[PDB]
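There are 4 protein chains.
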Amino acid sequence: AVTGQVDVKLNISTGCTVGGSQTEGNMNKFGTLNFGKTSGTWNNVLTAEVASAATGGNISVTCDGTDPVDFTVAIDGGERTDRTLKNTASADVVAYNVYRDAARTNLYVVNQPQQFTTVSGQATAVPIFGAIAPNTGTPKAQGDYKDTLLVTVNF
Amino acid sequence: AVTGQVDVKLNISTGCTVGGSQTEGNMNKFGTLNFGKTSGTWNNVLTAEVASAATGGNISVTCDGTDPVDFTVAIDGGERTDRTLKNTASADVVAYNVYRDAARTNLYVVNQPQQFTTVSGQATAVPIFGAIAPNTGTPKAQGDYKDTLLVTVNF
Amino acid sequence: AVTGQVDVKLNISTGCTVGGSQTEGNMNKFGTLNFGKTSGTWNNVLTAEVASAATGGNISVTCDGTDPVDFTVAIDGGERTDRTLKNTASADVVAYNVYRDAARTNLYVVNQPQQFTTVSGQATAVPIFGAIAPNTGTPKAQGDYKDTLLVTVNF
Amino acid sequence: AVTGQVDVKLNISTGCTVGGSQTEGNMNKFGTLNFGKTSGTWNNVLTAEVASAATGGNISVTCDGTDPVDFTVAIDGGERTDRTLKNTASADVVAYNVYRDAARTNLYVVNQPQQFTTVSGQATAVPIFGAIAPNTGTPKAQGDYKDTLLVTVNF
């Protein structure tokens with residue numbers, strides 16, 4: 001019998017809120033990274049942007065304050081922690097990655113706070129740009145591949 | 001701490017691929033819209049066609065299927081979202097537009113899926129015809145003007 | 001082309017001057033009406049006096065003459081013309097008013113010359129007493145609320 | 001025509017409020033310092049405490065916050081600026097003073113911020129102890145003597 005304590009805390013004072021999300025039960029549904037349909041072996045880098053579940057556009061984070069606030073954005077490694085989509089039925093995997101800029105260069109490194117700014121009376125967008133490498137080796141099995149990345153807007 | 005979910009998806013079954021592109025790092029380099037050299041004030045509409053980065057000709061989209069597939073083409077508004085080329089050093093801008101037909105009539109409207117057909121055993125070309133209005137007012141500063149339009153072949 | 005005339009005039013002879021002001025560029029900075037810090041919903045009437053920008057005390061108007069001079073004081077309605085402070089970022093407003101006497105009774109009516117006396121070898125103070133009504137309804141958003149009342153010492 | 005600017009400000013964020021007051025029109029009525037009845041020449045120091053206009057007891061200042069807040073209290077010199085009560089009809093004056101502690105030692109010096117503490121979930125009382133010197137010289141005229149001290153709770 002090892003009984004222990006867990007201090008719970010919350011500082012209600014002046015915070016920042018994330019728009020574009022829908023409450024799926026008790027977990028915020030931020031959006032979808034829909035690469036679309038594809039064949040077994042694709043030569044072009046499959047690429048799609050996150051579509052917020054609430055509006056359809058990009059996640060719009062706004063801060064409830066007057067002065068500028070510097071908030072951070074961190075995305076985790078997905079269900080299996082290595083950013084791989086898994087086929088619903090078979091065990092095939094599809095490696096992918098999420099970048100922050102339009103040219104697939106600034107990668108949202110696993111469990112890292114990619115910095116962000118937010119200004120007076122405005123909603124800043126959180127671009128989560130997906131990208132998949134060209135698979136020109138083995139044709140992955142037919143079906144639907146999925147993953148649930150947990151995006152962590154933290155301060 | 002606002003943690004949220006982003007569902008990632010990919011339907012590997014029977015897709016369409018875009019030829020004529022080169023993988024620039026992790027972003028597909030589709031081509032170049034080279035208007036060429038010009039003077040400060042041009043009276044003629046400057047006009048050039050996209051040159052695929054892989055072959056030099058037009059982007060050739062082919063679909064990996066037997067039955068005809070109807071795929072769409074969407075081009076965005078460029079780096080600044082208003083189709084303006086920017087001088088590398090100064091802040092001068094050069095407004096332009098991309099059309100689909102040879103007579104500069106069917107405009108690729110910003111973020112719009114201009115429809116396209118593709119047939120059995122064939123590669124369909126994606127004509128991205130550039131066009132710039134005659135500037136007979138103020139002479140833009142010397143140098144190189146650039147823009148990076150993101151073409152979005154989606155299904 | 002409607003060209004018209006604007007007669008400019010100035011009577012240099014024997015005038016009155018306002019002390020306690022600092023020249024902000026080409027506009028006389030008379031002072032500050034600092035109500036201080038407050039919570040979303042205040043039950044007490046928030047009340048503060050003008051603090052001259054030059055000395056810190058009350059605006060001291062003196063007249064350059066020997067015989068008594070009767071000069072007037074007029075304050076306008078603020079930036080939006082209805083005496084409301086505006087949040088720097090959001091569009092929330094905070095209604096207020098400026099009175100002349102210590103008991104918040106003699107109101108400086110919008111664009112009205114509240115009379116004043118000035119005597120031999122003396123500086124008369126211009127009490128601009130601010131007052132804000134008790135807001136016990138809706139909590140205004142966090143941040144800084146501002147307004148710039150133009151005080152018009154005229155003869 | 002000397003037109004000038006008066007910057008108005010208010011920081012709505014997390015403030016402190018004063019209880020025990022009643023809004024007399026647009027001016028907070030804090031209380032009454034009632035020395036009571038007296039004869040022309042009194043040998044004993046006349047002494048009474050402030051009675052809040054809202055409850056009848058002492059002014060109870062509470063701060064709308066969790067952590068302790070250090071607020072200040074400043075009282076001015078009365079209507080004539082020398083702490084003298086004036087007869088309603090005649091010009092006789094009665095010098096007095098307001099102290100902070102029960103032994104008439106810690107004087108609320110004119111226009112001075114006598115410091116104060118306020119703690120979690122509590123209302124701190126503001127003791128305004130009045131005191132009048134023994135007049136054993138000239139008998140002041142009959143009638144009612146009054147004064148209106150402006151108490152300034154500031155942060």
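The listed protein sequences correspond, in order, to chains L2, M2, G1 and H1.
For the first sequence, PDB author numbering begins at 1 and goes up steadily by one.
For the second sequence, PDB author numbering begins at 1 and goes up steadily by one.
For the third sequence, PDB author numbering begins at 1 and goes up steadily by one.
For the fourth sequence, PDB author numbering begins at 1 and goes up steadily by one.
Where is the CB? At the ideal position from N, CA and C, for every residue including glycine.
Going by beta carbon distance, what residues of the same chain come within less than 7 Å of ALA133 (chain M2), once the five residues before and after it are set aside?
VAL45 and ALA95
Cut-off 6 Å between Cβ atoms - residues of its own chain near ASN154 (chain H1), not counting five sequence neighbours on either side
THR72
Any contact of the segment 84-98 of chain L2 with the segment 109-122 of chain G1, i.e. 3+ C-beta pairs under 8 Å?
no
Along the chain, where does the beta strand (DSSP E) that runs through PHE129 (chain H1) open and close?
129-131
Supposed close pair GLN5 (chain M2), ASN28 (chain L2) - CB separation, criterion 8 Å
7 Å
Residue span of the beta strand (DSSP E) that contains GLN112 (chain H1), given as start and end
First-last for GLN112 (chain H1): undefined, no H or E at that position.
Pull the bridge partners of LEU46 (chain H1) from the DSSP assignment, please.
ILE132 (chain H1)
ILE12 (chain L2) - DSSP class collapsed to helix/strand/coil
coil
According to DSSP, residues forming a beta bridge with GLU24 (chain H1):
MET27 (chain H1)
By the three-class DSSP mapping on this structure, what secondary structure does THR124 (chain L2) have?
strand
Return helix, strand or coil for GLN142 (chain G1), following the three-state DSSP convention.
coil
Leaving out five residues before and five after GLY20 (chain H1) in sequence, what residues of the same chain have Cβ atoms less than 6 Å from its Cβ?
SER52, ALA54, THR55, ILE59 and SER60
Rank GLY40 (chain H1), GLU49 (chain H1) and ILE12 (chain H1) by C-alpha distance to the C-alpha of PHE30 (chain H1) and give the top, closest one.
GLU49 (chain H1)
Going by Cα to Cα distance, which pick from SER39 (chain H1), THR41 (chain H1), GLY77 (chain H1) and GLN22 (chain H1) is closest to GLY57 (chain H1)?
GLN22 (chain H1)
For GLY121 (chain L2), would you say it is in contact with chain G1, using Cβ-to-Cβ distances shorter than 7 Å as the test?
yes
Nearest CA to the CA of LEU33 (chain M2): which residue from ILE75 (chain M2), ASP92 (chain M2) and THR66 (chain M2)?
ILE75 (chain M2)
Backbone CA spacing between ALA125 (chain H1) and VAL98 (chain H1) [nearest angstrom]:
15 Å
Looking only at its own chain, which residues have a Cβ that is under 8 Å from the Cβ of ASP144 (chain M2), when we skip the five neighbours before and after it?
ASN87 and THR88
Mind checking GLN142 (chain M2): buried by the 16 CB within 10 Å criterion, or exposed?
exposed
Going by DSSP, what residues sit across from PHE71 (chain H1) in a beta bridge?
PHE116 (chain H1)
Spatial distance of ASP67 (chain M2) from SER120 (chain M2) (CA atoms):
6 Å
Name the chain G1 residues whose beta carbon is nearer than 8 Å to that of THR117 (chain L2)?
Those do not exist, as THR117 (chain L2) stays about 14 Å from chain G1 at its closest Cβ, beyond 8 Å.
In or out: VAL2 (chain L2) buried (at least 16 other Cβ within 10 Å) or exposed?
exposed
Given a cut-off of 7 Å, decide if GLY78 (chain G1) and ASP7 (chain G1) are closer than it, judged by their beta-carbon atoms.
no
Spatial neighbours of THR105 (chain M2) in its chain, beta-carbon cut-off 8 Å, leaving aside the 5 residues before and after
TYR99
In this structure, what does DSSP give as the bridge partners for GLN5 (chain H1)?
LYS29 (chain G1) and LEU150 (chain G1)
Closer than 7 Å to chain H1 by CB, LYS146 (chain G1):
yes
Any idea what DSSP makes of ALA103 (chain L2), helix, strand or coil?
coil
Answer with yes or no whether the minimum CB distance from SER90 (chain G1) to chain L2 is below 7 Å.
yes
Using only CA atoms, which one of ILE128 (chain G1), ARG80 (chain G1), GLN114 (chain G1) and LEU10 (chain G1) lies nearest to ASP92 (chain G1)?
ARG80 (chain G1)
Please report the straight-line C-alpha distance between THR138 (chain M2) and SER39 (chain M2), rounded to a whole angstrom.
11 Å
Quick one, which of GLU24 (chain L2), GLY15 (chain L2) and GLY36 (chain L2) has its alpha-carbon nearest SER13 (chain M2)'s?
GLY36 (chain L2)
Please list the partners that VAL45 (chain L2) has in chain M2, where partner means a Cβ-to-Cβ separation under 8 Å.
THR23, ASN26, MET27 and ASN28
Buried or exposed: where does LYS9 (chain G1) fall if 16 or more other Cβ atoms within 10 Å of its Cβ makes it buried?
exposed
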